[PDB]
Amino acid sequence: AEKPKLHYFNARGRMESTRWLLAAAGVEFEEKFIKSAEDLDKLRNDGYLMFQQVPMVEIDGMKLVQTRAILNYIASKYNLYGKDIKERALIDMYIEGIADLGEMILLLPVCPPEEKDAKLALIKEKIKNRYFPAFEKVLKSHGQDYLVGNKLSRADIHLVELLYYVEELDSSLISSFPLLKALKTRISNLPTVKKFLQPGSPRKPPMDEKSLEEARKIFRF
Amino acid sequence: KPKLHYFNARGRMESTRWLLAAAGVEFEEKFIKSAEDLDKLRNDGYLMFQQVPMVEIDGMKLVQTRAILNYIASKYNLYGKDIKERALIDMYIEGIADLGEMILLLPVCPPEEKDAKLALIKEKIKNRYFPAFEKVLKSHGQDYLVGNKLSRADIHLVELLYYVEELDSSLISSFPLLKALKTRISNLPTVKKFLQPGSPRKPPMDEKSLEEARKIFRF
Ligand SMILES: CCCCCCSC[C@H](NC(=O)CC[C@H]([NH3+])C(=O)O)C(=O)NCC(=O)O
Ligand SMILES: CCCCCCSC[C@H](NC(=O)CC[C@H]([NH3+])C(=O)O)C(=O)NCC(=O)O
């Protein structure tokens, strides 16, 4: 009946992984872009935001806030969350590691300049020594095209999204991880993901200084 | 019995202790006491991302707080009846997590920042989080946050109410429905037993325990 409506500002931020997941699922959606603090205050005043924050997604008659609530619902609805409780446990473990690394990268620009260089270095070492080894190992354990259940899940989508951001950081980091490289390609070639990667999709560019400034004005930080 | 791998402290394992206890599930704990203990877990292949919490349950070695909790909640029927009830539960408990994270990390803030960050936490409790949960309870008038049945949401929220009480017992005072929930949940036989002295419930982290954390986790 009604397309999901995504409420956020015009940036990756905390809404991009939802854009990826919906697109991967073949689900069309609309976006309503917040451009100012007054836009956000209006959502607040209208009663639309349980904790007075965005992301918020209107879907199936609900007003869902909190990134993980949104993604868990969409993943379940479009059978991207595994086939039983144990596969969901594997998915969750994998994607919370992805979330942890993703949060580090997300927040980097918001670091004090005297700290940013150490923090980036630390992110690169965790990538090389902690996270990419863990995911490579999963893929090597079973030899399958997907992380869990030998079928596409949200885990594959969330990890490939992150591989795109790590490439932006440093395209060398993935070089010693052939299986991750192969996953990136395979997933990128799925027709829904290929369309999402093409120009003109809702996929968002890296956040530049001006966008970061808009964020500070809109969310008041 | 599930086996919980963590240090002898609340930290990131306490919400799992609460949820297991609430569900009536007996568990065992293996306490890490040194960096060397953590290193053995890592070396033995027990930790996917070289971190704890880790829980051995039903043949899996599960890391990541949320993976552990989601598995336990589904297994013991504390995650609602369908994906829409799960959506409500998830939205509520991620709000709880956000607030919980601020309180958890308070002892680690630089000392020159701690005064400001406590005051911010009290402000958000008063003006953002407790209003939101009081609003949910008032909206339906039922004893439980979701589905008129006990769920993980009630348990995680009441755990947080105890920590907020530790911070400032006045913060809940204008929120009568949250007070009632706290009482009700605390009186359920499993939660009551967990709240009594000598249970696996952990105390507030003191300075000695925070020094142990730092040695163990090398920060
Ligand atoms: C470099 C900057 C990156 C910008 C990302 C910030 S997202 C906007 C922020 N929303 C949250 O922090 C939501 C956190 C919540 N845990 C979620 O995951 O949905 C907001 O509404 N803030 C308003 C408020 O909290 O009052
Ligand atoms: C106020 C004190 C806070 C208590 C310490 C934090 S918990 C121990 C820490 N584990 C994590 O940070 C796990 C985060 C993960 N997202 C989860 O929720 O499980 C660890 O293993 N760290 C070792 C490392 O990462 O190498």
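Note that these values count all heavy atoms, side chains included, but never hydrogens, waters or copies made by symmetry. Start at 1 and go down the list; that is how both ligands and their atoms are numbered. Each chain gets a letter, A, B and so on, in the order the sequences are listed, and its residues count up from 1.
Shown in contact with A:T67 at under 4.0 Å from a heavy atom are these atoms of ligand 1, numbered in order with element: 17 (C), 18 (O), 19 (O). Taking a cut-off of under 4.0 Å to the non-hydrogen atoms of A:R44, the atoms of ligand 1 that pass are 23 (C), 24 (C), 26 (O). Residue-ligand proximity, A:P55 to ligand 1, at heavy-atom distances under 4.0 Å covers atoms 19 (O). Shown in contact with A:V54 at under 4.0 Å from a heavy atom are these atoms of ligand 1, numbered in order with element: 8 (C), 9 (C), 10 (N), 11 (C), 13 (C), 20 (C), 21 (O). Near A:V110, meaning under 4.0 Å from any of its heavy atoms, are these atoms of ligand 1: 1 (C).
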Q: For the pair B:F133 and B:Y92, evaluate side-chain contact (heavy atoms from CB on, under 4.5 Å) and give the outcome as yes or no after the intermediate values.
A: CA-CA 8 Å; B:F133 293 115; B:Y92 302 169; 3.8 Å; yes
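Taking the ring centroids of B:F217 and B:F7, they lie under the 6.0 Å cut-off.
Within the 4.0 Å heavy-atom criterion, the part of A:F221 lying near ligand 1 is the side chain and not the backbone. With a 4.0 Å heavy-atom cut-off, ligand 1 is reached by the side chain of A:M207 but not by its N, CA, C or O. The part of A:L212 lying near ligand 1 is the side chain, judged by heavy-atom distances below 4.0 Å.
The nearest protein atom to atom 1 (C) of ligand 2, hydrogens excluded, is given as B:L104 O, 3.3 Å; this is a heavy-atom distance. Looking only at heavy atoms of the protein, atom 4 (C) of ligand 2 is closest to B:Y6 OH, 3.9 Å. A:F219 CD2, 3.5 Å is the protein heavy atom nearest to atom 20 (C) of ligand 1.
The aromatic rings of B:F49 and A:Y131 are tilted relative to each other, their planes meeting at an angle between 30° and 60°. Ring orientation note: the planes of A:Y164 and A:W20 are tilted relative to one another, at an angle of 30° to 60°.
In this structure, B:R128 is part of the shell of residues with a heavy atom less than 4.0 angstrom from ligand 1. Residue contacts with ligand 1 leave out A:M56, since none of its heavy atoms falls under 4.0 Å from the ligand. Judged by the shortest distance from any of its heavy atoms, A:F51 lies outside the 4.0 Å radius around the atoms of ligand 1. Using a 4.0 angstrom heavy-atom cutoff, B:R10 does not count as in contact with ligand 2.
Checked for salt-bridge contact, A:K119 and A:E115 meet the test: a charged N lies under 4.0 Å from a carboxylate O. Contact check on B:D58 versus A:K86 returns no salt bridge, with no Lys/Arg side-chain nitrogen under 4.0 Å from an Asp/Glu carboxylate oxygen.
Distances from atom 11 (C) of ligand 1 to the heavy atoms of A:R220, A:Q52, A:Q66, A:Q53 show the closest one on A:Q53.
Within 6.0 Å of atom NZ in A:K3, 12 or fewer heavy atoms from other residues, nucleotides or ligands are found, so the atom counts as exposed in its surroundings. More than 12 heavy atoms of other residues, nucleotides or ligands shown are found within 6.0 angstrom of CD on A:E168.
Not one N or O of B:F7 is nearer than 3.5 Å to an N or O of ligand 2, by distance alone. Not one N or O of A:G13 is nearer than 3.5 Å to an N or O of ligand 1, by distance alone. At least one N or O atom of A:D100 sits closer than 3.5 Å to an N or O atom of ligand 2.
Cation-pi geometry between A:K63 and A:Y48 is satisfied (NZ or CZ under 6.0 Å from the ring centre, within 45° of the ring normal).
Between the side chains of B:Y79 and B:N70, at least one donor N or O lies within less than 3.5 Å of an accepting N or O. Side-chain contact of A:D100 with B:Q64: a donor-acceptor pair under 3.5 Å is present, judged by distance alone.
Of the possible polar contacts, none joining the A:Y146 side chain to the A:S153 backbone as a donor-acceptor pair under 3.5 Å is found.
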